[PDB]
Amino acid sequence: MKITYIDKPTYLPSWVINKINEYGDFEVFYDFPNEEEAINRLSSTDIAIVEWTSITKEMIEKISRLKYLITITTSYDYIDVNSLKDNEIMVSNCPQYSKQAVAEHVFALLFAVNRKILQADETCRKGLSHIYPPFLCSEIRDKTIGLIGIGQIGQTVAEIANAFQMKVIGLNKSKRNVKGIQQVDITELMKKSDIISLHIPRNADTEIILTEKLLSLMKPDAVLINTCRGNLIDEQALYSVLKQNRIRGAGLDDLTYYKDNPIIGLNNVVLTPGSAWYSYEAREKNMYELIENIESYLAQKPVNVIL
């Protein structure tokens, strides 16, 4: 039994390295493998752990030995899970470690946009005080927040919202009834929400789910929050919406690209570099989930299986 963390871990403390070596031969690579290194590392192990590296169907056809792949992430959009299924390789993610961290980040971003924290701080650094007109804001209490995706993270955001005394609406794919969330279609969500937050995986179905048309339905003072992939939005259309001040602002933890992206020029966005998840509590839970995946698989009762 060989277990391999095939690319550079953000967090992998000594106690976890020691624990995983109790289960088998554990090897960790502190780099980003090229495609050939990735195939070789995947083919030299029985369980693999991945954080950064795309695993494509073309790669999986060249893989041998590997039986179990764990994404350290909740997302698995960079892994061809269907191709792994077709090659009898089981896949698990780490499904809940970050949900509180990300839900709190939604409110961090929402408040940073609403209160224009970037401009407000810069005003004070200029030595100006008691400046109100540029910072006229809306209270979030009693506003409508619309959650596109109401799973682990969406439901955590709803809990915080519902006790901020907000109206929570939302949508999912299965139409399973989620408690405390009035479920609507996406057109109504875009029309009625004061705040819109995305909590949905990226795949072929959800890419560019926020079309130019749907974005044009937003309220004139709406705030859009994205702690998910930038590819979920027509990003060029979002730029035009913000550039033309057709909504209040956006808080974005991901963009489809960064260098020379015109959104970087906007004074009504707040950007974070994918840091929504990274709390002390989340990264520790991430380790507990990784270890639970390994133990449960060795017990022949695997958990968090992606199917």
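One rule holds for the numbers: they count along the sequence shown, beginning at 1.
**Student:** Report the stretch with the higher mean CA temperature factor, choosing between 108-116 and 187-195 on the basis of the entry.
**Tutor:** Higher of the two, by average CA B-factor, is 187-195.
**Student:** Can you let me know which of the two, 159-167 or 91-99, has the higher average C-alpha B-factor in the entry?
**Tutor:** On average, C-alpha B-factors are higher across 159-167.
**Student:** Just to confirm, going by the entry's C-alpha B-factors, which of 74, 203, 152, 138 comes out highest?
**Tutor:** Highest C-alpha B-factor among the listed residues goes to 203.
**Student:** Lowest, middle or highest third: which one holds residue 172 when the chain's residues are ordered by CA B-factor from the entry?
**Tutor:** For residue 172, whose C-alpha B-factor we compare with every modelled residue in the chain, the answer is the lowest third.
**Student:** Tell me, lowest, middle or highest third: where does the Cα B factor of residue 215 rank within its chain?
**Tutor:** As the PDB entry reports it, the C-alpha B-factor of residue 215 lands in the highest third of its chain.
**Student:** Taking the C-alpha B-factors as the PDB entry records them, is residue 143 in the lowest, middle or highest third of its chain?
**Tutor:** For residue 143, the deposited C-alpha B-factor lands in the lowest third.
**Student:** State the tercile, meaning the lowest, middle or highest third, of residue 82 with respect to the CA B-factors recorded for its chain.
**Tutor:** Within its chain, residue 82 is a highest-third residue by C-alpha B-factor, going by the deposited values.
**Student:** Lowest, middle or highest third: which one holds residue 128 when the chain's residues are ordered by CA B-factor from the entry?
**Tutor:** Tercile = highest for this residue's CA B-factor.
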